[PDB]
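Remarks on the structure that follows.
Please treat every number below as a calculation from the coordinates, not as lab data. Cβ atoms come from the backbone with ideal geometry, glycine included; neighbour counts cover every protein chain shown.
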Amino acid sequence: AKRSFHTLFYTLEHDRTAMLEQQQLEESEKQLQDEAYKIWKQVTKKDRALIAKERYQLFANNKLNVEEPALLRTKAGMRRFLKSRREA
Amino acid sequence: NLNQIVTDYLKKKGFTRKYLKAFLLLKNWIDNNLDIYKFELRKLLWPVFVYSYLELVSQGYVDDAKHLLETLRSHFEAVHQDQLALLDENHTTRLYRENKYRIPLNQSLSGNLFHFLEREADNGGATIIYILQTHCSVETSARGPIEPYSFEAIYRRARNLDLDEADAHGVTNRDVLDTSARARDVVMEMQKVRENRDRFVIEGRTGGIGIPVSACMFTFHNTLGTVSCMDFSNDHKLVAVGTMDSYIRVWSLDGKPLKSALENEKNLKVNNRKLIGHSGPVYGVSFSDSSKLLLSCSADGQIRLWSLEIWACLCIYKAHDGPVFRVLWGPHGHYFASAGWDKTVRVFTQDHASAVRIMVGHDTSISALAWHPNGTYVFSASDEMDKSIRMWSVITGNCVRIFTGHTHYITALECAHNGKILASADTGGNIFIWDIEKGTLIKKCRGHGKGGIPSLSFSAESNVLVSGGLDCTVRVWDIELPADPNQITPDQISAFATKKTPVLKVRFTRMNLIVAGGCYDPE
Amino acid sequence: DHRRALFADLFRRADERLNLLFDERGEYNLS
Amino acid sequence: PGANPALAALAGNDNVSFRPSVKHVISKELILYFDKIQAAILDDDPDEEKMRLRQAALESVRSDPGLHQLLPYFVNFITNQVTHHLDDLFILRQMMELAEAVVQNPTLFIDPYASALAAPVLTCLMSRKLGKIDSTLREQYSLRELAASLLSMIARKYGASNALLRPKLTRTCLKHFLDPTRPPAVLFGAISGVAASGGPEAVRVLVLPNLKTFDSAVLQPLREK
């Protein structure tokens, strides 16, 4: 699953469902108070949902919301990328 | 009071109170498109040529018509041999004149073509627009692009549909759709194109910060302090270094072999070469407007011109008394300038052995040079007791502007691509930004250390500046800070530190990306 | 069905071939 | 006193405690321009003036020399629109056209974002469902062909600075192709993608040897329909 990061692509046809499912689970929690493909989904669901939620919030109503965080590059992210590149 | 002196002096002196260009442009544009469209656009190639040729025959430019026919015959030698032979009045020409060519096309493709032609109207777009409006009719249809194996052709062949009248009419879609396998509003279309394009213009800058920039660094190893000067070619394909050992070394920047035109040197495998022939240290190297020619100057007092196709010297220029310090090609590469120890600025053409213009008036040695983007003005700077910048006209040879204010040795000069702003740097760490028409100082930029800023560069729109320093840093500068929405100066955008490598050369590409070069000193 | 195993083997062989086709800079490996 | 704090965020340093918002980094004119472009491109009215406005917006995106700060936003917007509107052929076609116009601007450094652009395009090439009688098939196949052309362009342009892009794309398309369970449209998209990303040698070495079986276990039942 983690090795497949360096060898395969995947489509964005299951990200909306992941976002909605995570949103419903989080809302309920707050209110209370193939096989390789399946493994890939099980491993990446949470991160994909978070990224989808961020992107969805940024472009609400097809307008650039000026109160959301800017898109800026940092050094910790590049360090993570370098880690993955050394893995490859 | 200098104002009183100037006023008195003025009062006492009596002062009162053709078609081939368009064809090539179209060919390149078609070459740069997506594949799915290339089948349709090519239908425009054959007409635009034929009519154009006839036009020359109508205007008496027989030689131009012959040259055009010969140059483009290769593209059609495999198809239009009979038509080419016939063209090289007949009834076919009369039929062409009477019957206007039909060019079916898709709606979106037509919109893209019209917008592209408008965008390049003065570079050859007008010719094609006029030709299409006069001798063509672009029957636009709302179908999809047609190809021998696209959906349209497959569907039509499978369902056994007929041929549309517009696409009925030397290759045509019929041969692709035959069993053997609307009108136009040009001129009005251009008006609509311009009117709609006018609606998406950005007209200010309030708030925000500067612009992000990427940098690529080239580092030289095992030089032992022998490298004096460095330069990059216009397309970032070559790099040249002049040393204290009198020779020049050139490298290809991607490691591929360098090519020679000599028969003995056919298919030779080397990616760097040496130019030998100077007798003293080399202090300047300049690539000409691929680069074919190189100019060098040395402490022996000579200027040398080298061919980069055979890698040998062509001419020596000997107009200087003492060392020459700087040499520079003109913005388009036929004139060039030189300056050095004897306080005079010389302007040559590559055509003549003697300098054609001599500029006199500096009181000290020259330390920096620069050209104006229009090719008719030069800039020079002197050191020591006379730390001033002078602007020289090339037609007369006289000085037109003097800029004063530096108190340290000046290391670099640079004129903006718009021809209105000047920049200078010295060994105190300051950068001066000057208005040229008023002769006044616009501002100062601070933040570099002491030692010298050898290189500056402007961006394509001249709104950003990049500087390289001997303090092992590269810095980016905003030329105008945004409007208020209601040791280091606030107009610096970025600073990047190098790893023990003084920066000798920096340059901007077409994008927000710069290339820098330097030599590594491990100690 | 039994087609799945056959096509999986075909893809395995094809991928083994594909591994050696490209080079470091994305160009074809002529050897 | 006059130095901006957001500048420290632009250097990417770790100790920074200030988190700028969009309004602190992008000027108001650029925000208005982005909004105008997005409003113009995503209009479905059949009026001629609207088509002219859409074409003008695409040309503006394709030629403007001052859009360096909006590139990440363009990429994110394309990704979001493709992700959340897979049941609309018009929107997907507009997104593909916008992606084509963005990578044709000669003033933009696009290398690091190349892969980020290859994910939406792929989703438009081998997605099992696109949209929600003949006209629908026309639209779907035209969209798939356009996606394949754009993928070919991307792979050709940005294949050297992204070393593993070409093998990854080719392997994905090949994996999708050698699967009898997929519907014919996905197989068409997969073969187009293999040709676009791999090249002539990829087809010669990977596709042809397996064709003998392919036409027997896949094409015959479909022909029998």
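The percentage of C-alpha pairs in the range B:51-171 whose separation is greater than 17 Å is 70%. Percent antiparallel among DSSP beta bridges with both residues in the protein assembly as shown, to the nearest 5? If I count the DSSP bridges inside the protein assembly as shown, around 90 percent turn out antiparallel.
On the basis of the beta-carbon distance and an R0 of 51 Å, B:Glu263 and B:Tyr9 show a calculated FRET efficiency of 0.15. Cα centroids of the range B:289-326 and the range B:212-238: 20 Å apart. Electrostatic bookkeeping for B:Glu77 treats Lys and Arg as +1 and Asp and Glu as -1; over the other residues with beta carbon under 13 Å from its beta carbon, the sum is -2. Once the mean of 1/r is taken over each pair of separate Cα atoms and inverted, the protein assembly as shown shows a Kirkwood hydrodynamic radius of 31.9 Å. Between the range B:377-454 and the range A:10-27, the alpha-carbon centres lie 60 Å apart. Under 15 Å from the 7 Å Cα→Cβ point of C:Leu10, by amide nitrogen: which residues of the range D:173-198? The answer is D:174-184, D:187-188, D:190-191, whose backbone nitrogens lie closer than 15 Å to the label point. Checked against a 19 Å cut-off, the cross-linked pairs D:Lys175/D:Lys212; B:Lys21/B:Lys66; B:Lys11/B:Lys387; B:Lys43/D:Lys157; B:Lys237/B:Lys269; D:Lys28/D:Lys50 give Cα-Cα distances beyond that limit for B:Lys11/B:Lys387; B:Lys43/D:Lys157; D:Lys28/D:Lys50. Considering only beta bridges that DSSP places wholly inside the range B:100-251, some 70 percent are antiparallel.
Measure off 7 Å from each Cα along the Cα-to-Cβ vector at B:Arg205 and B:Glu70, then give the distance between these two points in nanometres to one decimal. Label-label distance for B:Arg205 and B:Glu70, simple model: 5.2 nm.
Computing FRET efficiency as 1/(1 + (r/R0)^6) for D:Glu201 and B:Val187, where r is the C-beta to C-beta distance and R0 is 41 Å, gives about 0.25.
In order along the range B:147-162, phi translates into HN-Hα couplings of 9, x, 10, 7, 5, 4, 5, 4, 5, 5, 5, 5, 7, 6, 8, 8 Hz, rounded to whole numbers, per the Karplus curve 6.51 cos²θ - 1.76 cosθ + 1.60 with θ = phi - 60° and x for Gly and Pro. Computed from the alpha carbon atoms alone, the convex hull of the range B:420-523 holds 121 Å³ per residue. Look at where the Cα atoms of the range B:265-286 and of the range D:151-225 average out, and the two centres are 49 Å apart. Mean per-residue shielding of peptide B:502-514 is 2, counting Cβ atoms of other chains within 10 Å of each Cβ.
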